[PDB]
Each structure stands twice: as C-alpha cells, then as structure tokens.
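Peer 1: Chains as they are written, first to last, in the authors' numbering: chain A, 295 to 366; chain B, 294 to 367; chain C, 1014 to 1054, 1072 to 1093.
The beta-carbon is built from N, C-alpha and C at its ideal position, and this holds for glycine as well.
Let me begin by handing over the structure; questions about it come next.
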Amino acid sequence: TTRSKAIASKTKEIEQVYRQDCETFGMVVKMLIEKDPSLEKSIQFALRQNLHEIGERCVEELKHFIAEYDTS
Amino acid sequence: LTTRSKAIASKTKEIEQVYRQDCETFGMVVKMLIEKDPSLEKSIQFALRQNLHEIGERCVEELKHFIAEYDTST
Amino acid sequence: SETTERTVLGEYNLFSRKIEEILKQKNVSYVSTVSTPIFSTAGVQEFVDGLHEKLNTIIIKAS
C-alpha cells in the first residue's frame, strides 16, 4: 500500500550491499587463485559458506525490518 | 613549496590510501575464508602475501609513472 | 577457471530468490532491479609501512 515504497527501498539497499560483498569475495578469491592455482577447487567451500551465511544475515535483516515496521 | 612537490606529495597520498584500502579488504576476506576452512591457512596466507607484494610494486610503478609524465610535459 | 564467478553468481541468485519469497509472502511489493554481480573494471600493516618507505624514498630521490 503506502508502505510498499519503503520496503522496496530497503530491499534495494540490502541487495546492493550483498552484491558488493559478492563482487569483493570473488575478486579476492580469483586473485588468490591466480597466485596459487591449487586453491581453485578447495577454496570454493569456504567461499560458499561465507557467502551463504552473509546472505542469510541479509535476509534476516529484511525480515526484522518488516516485523518492526508492522508494529503499531 | 612548488606546484610539483605538491603534486607528487598528493599523488603519493592518494596511492597510499588506495593501497591501504586494498590491503584491508584482502585481509578481511582472507580472515573470513580461513575462519570457515582453517586447513587453508597456510596456502591462502601465502597467496595473500604474493598479491599484496605485487600490488605494492604496482603502486611504486604508478608513482614513478606520474613523476616521469609530469617531468616530460609541464 | 570460472568456478569462482559461477559460485558467486549462484550465491547471488539463491539470495535474490529468497528475497523475492520474503517480499511476496508478507506482503505484496514489487520487482527489485539491482544488477547481478560482475568481476571486471594476518597483519597487513607491514605492507602499508613497506610501501610508505619505498614511496618516501622515491619522493626524496625526485628532488
């Protein structure tokens, strides 16, 4: 309704932050691998866990924005 | 002081800020990587050092480039 | 050698779909438009200090 605007705005913000976390993790990991190629496969687990957990915190951040907003 | 001394000093300050940013970003990412898979600690650290060194050298090259450009066209 | 890119993009997709499930569920709202990520244009203080010294050296030589 009227609130739709506000939720969309914070969701865009959070997506931008997560997108940045992604670009950074990938850039660093690619350079690490550039220097040490035997990492290419084994590092994936640590990359994936990090990005998954960060993803969830971002997701959680949005939920607790919704719940707080709808309190009145 | 001279225009030229000021230009070199500011260029140096800018390069150092950029480098500091890159080092802190590399270090933050690598710390999270290692927390999640500590068996990687030694090889990731090694690759870290390699990167921070090469980038360090490019910073050095960048400053020399600046000085050389300035002293060939001003 | 696209494994890292494929990984990061896959994480971003999973994330944005979970974002959409939340938005739809509670409640309504519209389509996000953040572009998908892209990859092209312990102690670190020792590297900072090393750079600072090489650059001061250069500066001095320059005068």
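(1) Kindly indicate which three-state DSSP category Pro331 (chain B) falls into: helix, strand or coil?
(2) Taking the alpha-carbon of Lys324 (chain A) as reference, which of B:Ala340, B:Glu309 and B:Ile308 has the nearest alpha-carbon?
(3) So, for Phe319 (chain B): in the same chain, excluding its five sequence neighbours on each side, which residues have a beta-carbon less than 7 Å away from its beta-carbon?
(4) Does the beta carbon of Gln310 (chain A) come closer than 8 Å to any beta carbon on chain B?
(5) Are the region 344-362 of chain A and the region 347-360 of chain B touching by the rule of at least three beta carbon pairs closer than 8 Å?
(6) Can you find the residues in the same chain that come closer than 6 Å, C-beta to C-beta, to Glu1018 (chain C), ignoring five residues on each side of it along the sequence?
(7) Counting only Cβ-Cβ distances shorter than 8 Å, please list the residues of the region 1029-1048 of chain C near chain A, keeping chain order.
(8) Taking 8 Å as the threshold (beta carbon to beta carbon), is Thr365 (chain A) in contact with chain B?
(9) Could you check which residue in B:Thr295, B:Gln338 and B:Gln310 has the C-alpha nearest to that of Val322 (chain B)?
(10) How should residue 371 (chain A) be labelled, buried or exposed, when 16 other C-beta atoms within 10 angstroms of its C-beta is the threshold for buried?
(11) Relative to the C-alpha of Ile360 (chain A), which candidate in C:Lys1039, C:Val1074, C:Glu1034 and C:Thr1054 has its C-alpha closest?
(12) Is the shortest distance between the beta-carbon of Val353 (chain B) and the beta-carbons of chain C less than 8 Å?
(13) My assumption, with CB atoms under 8 Å, is that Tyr312 (chain A) sits in contact with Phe1028 (chain C). Please give the rounded CB distance.
(14) For the putative contact between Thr367 (chain B) and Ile1089 (chain C), defined by C-beta atoms under 8 Å, what is the C-beta separation to the nearest angstrom?
(15) How many angstroms separate the CA atom of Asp315 (chain A) from the CA atom of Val1021 (chain C)?
(16) Taking just the CA atoms, how far does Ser336 (chain B) sit from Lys329 (chain A)?
(17) Counting only Cβ pairs nearer than 7 Å, list the residues of chain C close to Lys329 (chain B).
(18) Nearest CA to the CA of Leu1081 (chain C): which residue from B:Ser332, B:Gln310 and B:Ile301?
(19) I'd like the list of long-range same chain contacts for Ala300 (chain A), defined as Cβ closer than 8 Å, with 5 residues on each side in sequence excluded.
(20) Please classify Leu333 (chain B): is it buried, with 16 or more other beta-carbons within 10 angstroms of its beta-carbon, or exposed?
(21) Is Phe1052 (chain C) helix, strand or coil by DSSP?
Peer 2: Taking the definition as stated:
(1) helix
(2) B:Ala340
(3) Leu341, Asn344 and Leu345
(4) no
(5) no
(6) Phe1052
(7) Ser1029, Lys1031, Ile1032, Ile1035, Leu1036, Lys1039, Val1041, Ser1042, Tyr1043, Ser1045, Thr1046, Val1047 and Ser1048
(8) no
(9) B:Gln338
(10) Outside the modelled stretch of chain A, which goes from 295 to 366, sits residue 371 (chain A), for which no answer is possible.
(11) C:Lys1039
(12) yes
(13) 6 Å
(14) With 8 Å as the limit, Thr367 (chain B) and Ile1089 (chain C) do not qualify as a contact, their Cβ atoms being about 17 Å apart.
(15) 10 Å
(16) 10 Å
(17) Neighbours of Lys329 (chain B) on chain C: none; closest Cβ ~13 Å, over 7 Å.
(18) B:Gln310
(19) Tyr363
(20) buried
(21) coil
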